[PDB]
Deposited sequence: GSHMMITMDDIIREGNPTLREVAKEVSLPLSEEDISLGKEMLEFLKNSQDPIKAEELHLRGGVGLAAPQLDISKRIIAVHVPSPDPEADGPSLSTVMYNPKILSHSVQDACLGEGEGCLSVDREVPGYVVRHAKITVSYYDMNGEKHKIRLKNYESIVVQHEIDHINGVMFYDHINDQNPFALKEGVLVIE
């Protein structure tokens, strides 16, 4: 059997135009190229979260990844939130969301941006996402808090949006009334 392994050098950095492009919708049934890319994206996240592996493979921990970060302008994202959501989503799409807002108190990370960016990124506390798995099955799941934030951060990627685009540079920690900060 064979497969490629994502290395930190395969992950493009802020400044690369591919990160600003609206990714392309993928065709169904899924090609094997697309199925393999997903398995590759998911193996990465899991490996980056395992001390021994992450260290030997020199990987920076992550909980979500989008194809554009690998310089592949396709609507594919993977998430491995440490308990529990672990899956690859093809052509993900948010159908609805809560009024209630939330944000990560420690701020959002991004394997593609090396600089530190102060501020809070306000997002929807709850969302309903529809997507296709590697088997072609369609899904509709309700997510919230950390997982909702992760998926929102990843889908932004397939639409060419970076997390700091949501941060008011002059009022970085601006928060409306009632925002839930997770941390």
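S.K.: Note down, first to last, the deposited-sequence stretches for which the model contains no C-alpha atom.
M.R.: No C-alpha coordinates exist for 84-91, and that is the only such stretch.
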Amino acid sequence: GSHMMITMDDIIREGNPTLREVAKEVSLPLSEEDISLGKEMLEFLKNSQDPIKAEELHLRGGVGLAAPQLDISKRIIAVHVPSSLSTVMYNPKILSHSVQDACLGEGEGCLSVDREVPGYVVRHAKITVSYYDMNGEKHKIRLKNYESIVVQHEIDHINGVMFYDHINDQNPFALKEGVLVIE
From here on, numbers count along this sequence of modelled residues.
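S.K.: For the C-alpha atoms alone, is the average B factor greater in 33-41 or in 66-74, going by the entry?
M.R.: In the deposited entry, the stretch with the higher C-alpha B-factor mean is 33-41.
S.K.: As stated in the PDB record, which stretch has the larger average Cα B-factor, 120-128 or 146-154?
M.R.: The deposited B-factors put 120-128 ahead on the C-alpha mean.
S.K.: Relative to the other modelled residues of the same chain, rank the CA B-factor of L59 and answer lowest, middle or highest third.
M.R.: Middle third of the chain for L59's C-alpha B-factor.
S.K.: Relative to the other modelled residues of the same chain, rank the CA B-factor of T18 and answer lowest, middle or highest third.
M.R.: Within its chain, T18 is a lowest-third residue by C-alpha B-factor, going by the deposited values.
S.K.: Sort the modelled residues of this chain by their C-alpha B factor and say whether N91 lands in the lowest, middle or highest third.
M.R.: It belongs to the lowest third of the chain when residues are ordered by C-alpha B-factor.
S.K.: Quick check on the deposited entry: does the C-alpha B-factor of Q49 sit in the lowest, middle or highest third of its chain?
M.R.: Middle third.
S.K.: Hey, what third does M162 fall into on Cα B-factor, ranked over its chain?
M.R.: Lowest third, going by the recorded CA B-factors of the chain.
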